[PDB]
Structures are given as C-alpha cells and as structure tokens.
Amino acid sequence: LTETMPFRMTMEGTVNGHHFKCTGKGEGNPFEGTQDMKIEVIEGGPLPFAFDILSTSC
Amino acid sequence: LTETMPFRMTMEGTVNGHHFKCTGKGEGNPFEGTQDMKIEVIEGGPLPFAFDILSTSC
Amino acid sequence: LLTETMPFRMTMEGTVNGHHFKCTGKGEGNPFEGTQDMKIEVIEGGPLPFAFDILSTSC
Amino acid sequence: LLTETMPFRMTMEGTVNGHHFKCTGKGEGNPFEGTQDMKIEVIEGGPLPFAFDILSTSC
Amino acid sequence: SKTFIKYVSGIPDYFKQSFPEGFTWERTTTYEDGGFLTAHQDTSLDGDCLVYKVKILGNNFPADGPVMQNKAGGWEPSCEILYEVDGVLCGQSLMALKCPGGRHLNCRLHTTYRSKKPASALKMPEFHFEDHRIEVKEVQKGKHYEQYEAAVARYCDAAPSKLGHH
Amino acid sequence: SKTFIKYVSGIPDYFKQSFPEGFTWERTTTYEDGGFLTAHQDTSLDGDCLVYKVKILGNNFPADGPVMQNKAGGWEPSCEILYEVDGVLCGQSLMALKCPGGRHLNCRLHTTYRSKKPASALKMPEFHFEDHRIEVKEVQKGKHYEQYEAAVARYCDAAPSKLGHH
Amino acid sequence: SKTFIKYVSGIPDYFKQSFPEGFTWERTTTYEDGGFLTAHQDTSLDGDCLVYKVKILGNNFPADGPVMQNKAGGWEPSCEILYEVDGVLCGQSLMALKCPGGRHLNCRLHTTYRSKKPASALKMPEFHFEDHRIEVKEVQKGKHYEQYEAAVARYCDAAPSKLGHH
Amino acid sequence: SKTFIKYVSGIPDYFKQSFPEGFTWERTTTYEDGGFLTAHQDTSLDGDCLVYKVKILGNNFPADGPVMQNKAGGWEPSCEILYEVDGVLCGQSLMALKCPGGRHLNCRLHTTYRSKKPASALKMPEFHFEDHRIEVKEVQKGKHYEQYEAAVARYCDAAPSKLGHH
C-alpha cells in the first residue's frame, strides 16, 4: 500500500429493533497503524443507542 | 386469525463468510400450535453448512 | 436398596464472595414419586450475608 | 513490610472432574520487579490425572 | 413462527395480540463449540397471509464441527422460558443438536420478542414455558427442505406447587 | 438430591442404578449479572440413609444485586435436559430467580453426573427432560430454611413427533 | 479497519498480504449485561481506495443500560490475542466501556478474519497481541461522529521468557 | 501471587497496600470446550513470609480434551484488565492454552480481588493492564512442577491517546 491510504465505508444494521444506515470516510497510515474517519448516520438518526457499540465495526 | 393460516418467508444471511438467500412457504393451525413449511435455497446453494442452524429462524 | 420413604442428611461447606459458611441438612422423600422435603441450618457464618436461593440446587 | 527477596508458602486442595488432590508450594521473588519462582508438589491424589496448567493461575 | 402456539391455562398470547401491527424478534444463539447465529425477524399480516422477513449473521463455527461439515441430525425437542423484561417479552432456551455417534451439541438462545402494538393495548403474560418440536426433512441436498413444528405454551403442571403458585 | 425423581416412559434411572456405590455431581451455575456458583457433591448410601457432602465456591456476585442484597424471591420451576457425554450423564438447565418488582434474574447450570459404577454396569438413558420445582421457606432469617422439591423425568409428550421419535 | 496496523518483531501481516483480493471479518461481541452485537465486514481494494461494507445485528441490550440510554463514555484501550485456527486467523479480546460514575461495562469480542487469498499465497502469523486505542467524538448528536484509532501488533516483550519464547 | 507485580507510571498497588492485613481473591475461569475452574485464595503475611491458602473446584472438562488427556503445552503470555467495581478490584483476562499441532484452547478469567483493609484506607488504581507470563516445567510426572512468573502493571503507552487519557 502507500503510507497514507483513504477508505470509504457503508453500514446497514438493526439494534434492538432500530434500523439504521451509516456512511464513513477517512484515511490512515497503513504501516504506522494510525487512522481517522468521519461517520454519518444517513438513515434511522438520531441514533437511539450509544454509537460506541458500532466503533469496532467502522 | 383462522384455524388455518398460510405464511410466506424471505431470508438472507451470511454464515462463516458464505452468503445465501432462502424463500419459504407454509401453513399451520394458529390456535392448535402446529405448522409445516417448505424452504428453498435460492442463492448460495447447495448450502455449505447444516440447515439445522437456520431452523429457529424460518 | 431404597425404601418408599427415604431419609437423607447433608453437610455443606463453602465460600461466596469471601464469606465462609457451613450448613447441615436433614430431610426425607419418596424416591419413586420424586418428592422430598428438607430442613437446612446455617451452623457457621450465619446469619447468611447472601440469598440462600443460590444454594438451593446444592442441598 | 516486604523485602527485596520475598519468600512464600502455599497449600492447595480441590476436586477436578471428581478427582480430589492436595498440593503444597514454596517460592520466592522480587515484589517490586514483579518476578517469582516456585516449586509445587502434588502430595495427595498424585500423579495428577489432569493437566497441571489449569492450576497455574491459582498457585 | 411464533403465531403458531397452542396456549393453555389462560396465558395471554403476546404474538396473536400484536395483530394487525405484527411483531419482531431478535436472537443470538451461542453454540458450545464457539459458533454464533444471530437473527432479526419481522412478522406482518398481509391480507390473509403472514409475511416473515429474516436477516441472518452466523460466525465462528468450527471448520471441523458438525455444522460446517454438514453432519447434523436435527434438533431434540426443547423447552423455552418466557417472561417480561423492559415492557417486552424475553425468551431463553437450551437446544441440543443431534450429532454422529449419538452425540449432542448444545446451544443457548437469547431472544427478545417485540410487539409493534403499544403497551396500553397488550396483556403481558406471566412467567411461562413453551415446548417446541422442530423436525426437518432434506428433500434436495442443500436446496430443498421441509420443516414441521408443534408448540405449546403452559405453566409447570408436571411438578406441582405446594403453595398454589404457578 | 437426584435420588428423588419420578421416571416415566421407561427411562433408565442413572442415579438409583448407581447404588450401593452411589454417585457424585459437579456443576457451575453462571448468573447473567456476573455471579458464578460452583459445587461438587458426593452421594452415598449408608444403610438406610442417604448421605450428601457438598463443597461450594461462589464468586463475582454484584454487591448491588439481589443475591448479595438478600432480596431474592425464590426460583421459578425449571426444565433440565440430560444426555450421555463421555460415558457419563450431563445436565443443562436455565433457571430464573424471582426479584423485586416482578423481575427475574436468569442463570445457566452446567452439570456432570458421575456414577461410582462403571459405565458397563449401567443402562444409560436416552436424551430426556427433567421438570423441577424447588420451593424455599425462610424459617429464621439467614439461619433456618425449609426446602421442598418435586422432580419428574420424561420425554416430550406435549409436542409429539410426526416420524416416531421419543 | 485491520489494514492499519503497525507490525513489529517480524510478524507477518495477514491483512496487507490479502491484497489485491482483500479479506472479510466476522464478529460477535457479547456484553456482560446481556447485549449482543454481531457484524460481518467485507474489505476490498478499489484503485487507491479501501472499501468497507458492514452488516450489523444487535440485540438484547437492556433498556435501562448505558447503551440504550445513550450514556456511554467511550472505550478503554484494549488488547486482542490473535492466532491461527482452521487455516484462518482468529481474534479474541475483552473491552471495557466507560460508564457514568467511573464505572465500566465489559464485553468479549469473538472474531474470525478471513483472507480472500488461498493459503498457498499466505504467511500465517504466530500467536501475537494487538494493542488498540479507539477514540470517538460526537460532532452532532446521534448524526455525526469522528473516530481515531491506533493499532500495534507485537509479541510479549514486557514480560520476557526465561526459556526463549516469543 | 499478586504481591509480585512491577507497577509503572505511578499506578497504585492494591495488593502491597493491603498488608499487614492481606487480601483474598476469587475467580472462575471458563474454558471454550466447556470446562470450568473455580478458585478462592487467601493471602496473609506471617513475619517475613507470605502464606497462600487455595481451594479449587474444577468441572465439566471434556474427557477427550487436552486438560483431561494431559496433553497441554503451557500458557501463552497474557493481558489482564483491572478496574474498580463495588469498592473492590475486578480483573478480567483471556488466556490461551497451547495444544499439540500449534493449536490453542482459550479461556476467560473472571476475578475479584478483595483487600482486608477497608476501601477508605486504600488508594484505588484507575483502569489499567497487567502483562503476565507464566512458564511451567514438569520435573516429575504429575508430582513435581516448577513455575516462573513475570508481571507488569501499566497503562496503554503502545497505542497512545490524542485526547489526553492514560
């Protein structure tokens, strides 16, 4: 890869009966192991649960 | 409801990286607690895992 | 080997959440109809600082 | 209250899958450098009919 | 397919009460050999037809296990406990999958059933049991299946209370 | 106290078969709020008397939970599944502790039952169910208790098979 | 986002090796208060862009818990163990969610990582650790979030072997 | 043997603070193949000597598993998370037992550490990690063993924060 790779994300889900969709966009340093991203809830917002449960999926 | 009720089903999933889709058609006696259905694997067949894990979802 | 009315006795020793206790038990029941009654006494570590219910399945 | 080299003494009793056993242990370490060594002897129920590894975190 | 349950002893029927709006359920089944099977289901009534929409995510099934090796022999009958939690109905059950050699592989079902009706319109059942039997026929290898179920919701009448409780 | 079970439908009695040698059992009960209750029990027959010796280790019960706060209301009736594993008898059950405000706290029992007879001298039961009801009376606060149980071992007669399974 | 890991000590990089074909991962996270969060993720390389596709099913979260009440304070840093199972890479980790009053809610992550490359083209890593830090900012309530992560894959150098292990 | 830990970054030492009174710990370790190992430990200081008293109950280990077959190869190094709950110190860790053929069997440790000092007399540590390495030599088959451990308590300095937390 190169030392600053961009990425894009789509997410669909249901948590406790609540349907939602998210998009994400970011970049990071693949070999240095650092990254940043922005996530937007595009359906089912405002999220009716802690976003923290979605963190490891992003 | 009525002593005989029909039902339809659509199912889509991923198990151990295997994507699949199923459809279902059946009928039962709602008040007597009995039912029968037929399930067809329409995508990702022949199923690469035991169908049994899908039974409680059907 | 077993009678229609069968007695039993129990001794129990344990630690739950740092609390030591000992119990003794006496009872009887019908082995073939599957019923039984017993009395349990906390002989050490009483009064029990936890719900006795967690010991029921052990009695 | 603790010294650079600190000795310890251990007694262990238990049951695993119906097998009763007793162990004793002796060791020493550096409480502040976080290192230690010990010897464990199975004094009852030996030789152990299970992997000693399951007892390691208890020693 | 929780609309098909025989209720006895005057236990209110959470699922049938939910119509016309219907209900959903959500479940994670945890297998003793490390597999997980998670599902969300939507149940609706459309004319004189019940309509089920299911989403499945299964993972961590051992490659050498009966599931991935496709060597399972169906489920034993099972017993579910159901009771009110957070104004909805929770379900818990242990199931046992038949394996080669007369062996079994057990799992635990963690379920929440959610009416689409408001609480004001519903009679919530007391703690009770549901007996289930699921039988499957593989008609065409990995393609066509037939499934039968019988379900009964009841209290514990087999082991009676001495104090008149359920 | 597994000697006191009513066995129906000709199901072999693993426990009564074990006498005069007797049996043991071992169990870990895992509570949904993080508690664990582990026990080993030895059952012997001393002439006309059954003798039980129990050792208990319980841990990780939440300080604010119904167990440590001593605010539990007893057990709901329960259903255990039993079947042969490794030439001995395994038992699995979910139980539900009654809590203040019509709430329940659930747990899972993982049991192995071990006869002191060799497996070659026993007729092993097929997969079956045991219905349990345990009722407890607190006679003196934290000191004296009375316990009643009824137990029945059975197949699934409530939801019968279409094929001929027990 | 497993492509962004700093590997040390000559540990092979299962994820970067997987390109151009990419990889998938699957996970069930079990929460100590009864919640489950299951996910499947597909990772692909499309030109100069990494493309993530995620499916999520979460269930059984207590209505009164910090998740559904939306009162979580982010994750503590975490340690994942990784090792080969069934010719793929398995990951196991405990995480701790910060709660109001300096409390934590723990959970366990059960992961399988699956290269889309054949095994013949891959160097599988030995047992190793991955240190993770995830930090989140809520930019707009329930709508816009920023997430930062740092990850390092390593052996245990902090507590060394007197026997020459990793 | 929790007295032997190297604490860095000024993390308060729950165990050394507990003397002369000492402390206890309690733990259930759950194995992925169904085994449970439960222990209670008492730690006292007697003059120049630390005294440990341990009680163990283990159950449900598979007859054909590496534990009962005595075919285990020792533990991988491990990471424990520790934090305050209910005014005492809780510990949680995943461990991995080496099996023949480069395989591992994982387990989870659920620990509560209890000082014999009241909480008012202790400085409680914040959330932190303990790195552990345990190495065992079998001197005499099932009779004599030697065990070495190194332990270090630390914050996550490997994957550092942006927001200024430990």
Side-chain angles (χ1 to χ4, degrees), chain B residues 1-9 24-39 52 54-58, chain E residues 1-20 22-25 27 39 41 43-45 48-52 54 74-83 89-96 109 111-115 122-137 145-158 166, chain F residues 77 79 81 129 131 154-166:
Chain B
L1 297 143
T2 52
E3 271 68 355
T4 314
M5 274 293 301
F7 55 89
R8 295 154 35 206
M9 188 215 69
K25 205 180 197 299
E27 68 175 56
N29 189 318
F31 303 111
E32 297 180 28
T34 54
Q35 58 184 312
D36 291 279
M37 76 183 291
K38 299 185 182 193
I39 310 98
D52 286 331
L54 302 176
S55 290
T56 63
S57 296
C58 277
Chain E
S1 186
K2 301 291 284 195
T3 302
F4 304 88
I5 304 167
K6 179 160 61 171
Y7 280 84
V8 307
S9 291
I11 299 162
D13 191 329
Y14 187 73
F15 306 102
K16 286 186 194 69
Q17 284 183 79
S18 297
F19 297 107
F23 58 91
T24 70
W25 62 256
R27 187 179 292 138
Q41 201 257 205
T43 292
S44 54
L45 173 68
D48 43 42
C49 173
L50 292 173
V51 181
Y52 307 152
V54 203
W75 297 102
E76 296 285 1
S78 61
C79 181
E80 184 183 19
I81 58 171
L82 295 94
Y83 58 92
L89 193 61
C90 287
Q92 291 269 322
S93 182
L94 299 177
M95 291 186 71
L109 291 65
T111 316
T112 298
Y113 306 99
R114 302 181 184 280
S115 179
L122 297 166
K123 186 59 174 286
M124 297 303 284
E126 300 294 323
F127 186 98
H128 67 279
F129 307 89
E130 266 161 47
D131 291 330
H132 299 276
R133 191 187 292 264
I134 304 173
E135 307 192 298
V136 175
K137 201 160 177 281
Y145 298 88
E146 282 171 8
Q147 187 162 301
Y148 169 77
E149 183 174 4
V152 191
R154 55 159 183 91
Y155 296 119
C156 186
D157 296 334
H166 291 306
Chain F
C79 181
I81 57 164
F129 306 90
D131 289 331
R154 56 160 181 88
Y155 297 121
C156 185
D157 280 37
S161 173
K162 267 191 164 183
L163 284 155
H165 293 96
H166 280 274

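Chain identifiers are assigned alphabetically (A, B, ...) following the order of the sequence lines, protein sequences preceding nucleic acid strands; residue numbering begins at 1 within each chain.
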| Is the backbone N or O of B:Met5 less than 3.5 Å from a side-chain atom of B:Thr2, with the two atoms forming a donor-acceptor pair by type? | no
| query | Can you tell if the side chain of E:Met95 reaches within under 4.5 Å of the side chain of E:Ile134, non-hydrogen atoms only? | reply | yes
| For F:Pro160, what residues pass the side chain to side chain contact (heavy atoms under 4.5 Å, CB included) criterion, not counting sequence neighbours? | none
| Residues, nucleotides or ligands: over 12 heavy atoms within 6.0 Å of E:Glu135 CD | yes
| message | Restricting to salt bridge (charged side-chain N to carboxylate O under 4.0 Å, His left out), what partner residues turn up for F:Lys162, sequence neighbours left out? | response | B:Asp36
| task | Return yes if a side-chain donor-acceptor contact under 3.5 Å exists between E:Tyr113 and E:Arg27, otherwise no. | result | yes
| In terms of ring plane angle, is the pair E:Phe4 and B:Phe7 parallel, tilted or perpendicular, where the classes change at 30° and 60°? | tilted
| Does any non-hydrogen side-chain atom of E:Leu89 lie less than 4.5 Å from one of E:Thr112? | no
| field | Sub-4.5 Å side-chain heavy-atom contact between E:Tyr14 and E:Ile5 | value | no
| message | Would you say that F:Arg154 contacts F:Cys79 through its side chain, given a criterion of any heavy-atom pair below 4.5 Å between the two side chains? | response | yes
| message | For a quick check under 3.5 Å, do E:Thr43 and E:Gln41 share a side-chain donor-acceptor pair by atom type? | response | yes
| said: Going by the rule side chain to side chain contact (heavy atoms under 4.5 Å, CB included), which residues pair with E:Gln17 if we only count those two or more places apart in sequence or in a different chain? | reply: E:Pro12, E:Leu122, E:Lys123
| said: Taking salt bridge (charged side-chain N to carboxylate O under 4.0 Å, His left out) as the definition, give me every residue that meets it alongside E:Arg133, ordered by chain and number, with sequence neighbours left out. | reply: none
| Is there side-chain contact between E:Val136 and B:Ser55, with at least one heavy-atom pair below 4.5 Å? | yes
| Counterpart residues, salt bridge (charged side-chain N to carboxylate O under 4.0 Å, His left out), relative to E:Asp13 (two or more places apart) | E:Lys16
| Partner residues of E:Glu130 under the salt bridge (charged side-chain N to carboxylate O under 4.0 Å, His left out) criterion, sequence neighbours left out | E:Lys2
